[PDB]
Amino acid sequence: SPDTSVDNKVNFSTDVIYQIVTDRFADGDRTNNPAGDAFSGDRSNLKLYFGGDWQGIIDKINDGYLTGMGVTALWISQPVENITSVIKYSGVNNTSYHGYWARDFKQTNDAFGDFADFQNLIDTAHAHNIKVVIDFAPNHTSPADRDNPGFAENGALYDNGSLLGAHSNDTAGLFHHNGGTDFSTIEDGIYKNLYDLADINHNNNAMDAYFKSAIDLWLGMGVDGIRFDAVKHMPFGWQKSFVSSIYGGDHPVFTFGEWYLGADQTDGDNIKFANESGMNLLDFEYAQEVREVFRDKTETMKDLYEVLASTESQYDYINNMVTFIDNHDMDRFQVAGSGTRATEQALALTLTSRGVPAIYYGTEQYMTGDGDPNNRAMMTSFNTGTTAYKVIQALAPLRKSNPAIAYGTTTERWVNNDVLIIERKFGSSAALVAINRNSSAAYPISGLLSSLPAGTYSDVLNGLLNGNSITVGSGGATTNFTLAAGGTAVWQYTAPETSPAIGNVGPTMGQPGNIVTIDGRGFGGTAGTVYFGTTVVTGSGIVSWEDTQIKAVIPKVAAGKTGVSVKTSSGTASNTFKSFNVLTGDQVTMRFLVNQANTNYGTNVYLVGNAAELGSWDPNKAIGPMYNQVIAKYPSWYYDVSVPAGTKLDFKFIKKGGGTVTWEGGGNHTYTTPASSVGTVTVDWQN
């Protein structure tokens, strides 16, 4: 019922995610272990199955390891049936232990368990107030060789046990046949194969229907979240259409993808994805920077806040960024032979910072290992006594109890090369966090100011990371203190809120009729009003209303970005959740093709149209730069776009380059979209 409930599938910023590589966590059932060349009994080959399964996860929930840590969500390997063949990559036998080589998206990987096992995991987690997130990888099936049907399992796709097709002799046209990508461009990485993985053709409506059917199965079993694999390698438009159908369905859930960024790197396409796909993202800008600051010491605390400020400017849904200090695709945070304070401080920052914190299994056991697959070693121990375990145990529950932590703004109160003091603020609640990364020097903190009410505040960590108590004056001035070497402390104030405050709205995108979840404080007990822009939602439009959460039906309002606000029963107004994307209606994915659109170097073709999904005639929101190498060749251009179903579209193409915009001549192109199917529309550039 409240915002913090395990029942809240759609919003995760009050949660702490624990990321499990299922095969490498705990073998709770040896009877489902693979055997022979596919299994590593002595764990000498990290590319074979070790035997970790869902029973193992269930066991660590029941025996208190996970629950005692204070984690409230598990993010697990893709649960679906994978290939069972052993593949000799680079002189070494490899398996599907990682779950990414699907063969049937409607069946389980029997190494992990059967469907009853999976239901048991869902129910056991939910009973313990833990949400479950699954990897889902609709980009591809499994390895295939163009010139050898006998390689691996030839990327074969089954549908509840019956053959849909394989990569060789792909008679139903389920796969792309453009070779492998060189990752040179996003287009190249989308419509060519990811390494040798048979690449799903989502412009084939058989595949659109198949994957919508598949995900509904898993959501019907009670899955609370989806982590999409390889979002950079599928069309933006197909994924936007895909998640909109989830949001319009019976089980809206939290979704996020992995779009990798290196250290010191920003990517505009990454930002557009997170802001406009309807899907959120792992926060690699955060992750890489925190590693630079604490692990490698290659950036200062001043650099750190600069990144926090810039992400704030870049991303529209800041409370949805999934933060972390490492994961399955990075070198382990802990460097072997190094101290543990770096880990403990990085964890404390992540747990108290904006977004959705995710912790990679074994981080709290200081597990080491550089590169794949060394970063995916078996869980080394279940010792509940490590400092890192205790850090998580102390801080993770604050995400549930202190709305400033879960939802609040972020403010810099103090900075030095080695010292950062951050303040979170939401309504009357606040949290103040101080970190000194220097293990050899303490720092006097003088003249520090805070939004904390006057009083004495003890460290939530109780000095575990050498923190201290503080005294706050009636003007907000913090009495001078010394922040100890390696110091980390958290001071907090939680108040009863009298004025309505919106902390998050999920999903961030929806067509009229979708049910959205509005989380926060001070909504009151009796139903008030919800607003999309100035459009009122009342009575039957209100699904439910309590003080920390409202569920509302998206009204028939004009499509486009708008602000969501509320008004209590006594007429008190709230803040606004900005940039909610109202869709025109149910979506389909449409491939747009334009022919004979020649351009000069530096000029690209874009798509614009009257629908909001087509940028509403705004050349600055034109869709593109369009693609012109793989699916179709220059001077033809193409793009796959999420557009309203059963709807007449008016559109034109434009050429943009060097600050000048040239529009197509003649009248608008017109096209009425399919009612439910993906489709293709092909037109000629009008001179």
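Numbering starts at 1 and runs along the sequence shown.
**Given 102-110 and 142-150, the range whose Cα B-factors average higher in the PDB entry** = Averaged over C-alpha atoms, the B-factors run higher in 142-150.
Check: Once you work out the mean C-alpha B-factor for both 85-93 and 324-332 from the entry, which is higher?
Finding: Higher mean C-alpha B-factor: 85-93.
Most elevated Cα B-factor in the entry, residues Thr350, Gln239, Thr255, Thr456:
Max CA B-factor in the entry, restricted to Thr350, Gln239, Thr255, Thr456: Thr456.
Quiz item: Going by the deposited entry, which of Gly615, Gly225, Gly362, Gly262 has the highest CA temperature factor?
Solution: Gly262 has the highest C-alpha B-factor of those listed.
message: How does the C-alpha B factor of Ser676 compare with the rest of the chain: lowest, middle or highest third?
response: Highest third, going by the recorded CA B-factors of the chain.
Can you work out whether the C-alpha temperature factor of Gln511 puts it in the lowest, middle or highest third of the chain? It falls in the middle third of the chain.
Entry-reported Cα temperature factor of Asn620, expressed as the chain third it lands in: Highest third, going by the recorded CA B-factors of the chain.
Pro644 - Cα temperature factor, lowest/middle/highest third of chain: For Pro644, the deposited C-alpha B-factor lands in the middle third.
Quick check on the deposited entry: does the C-alpha B-factor of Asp216 sit in the lowest, middle or highest third of its chain? For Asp216, the deposited C-alpha B-factor lands in the lowest third.
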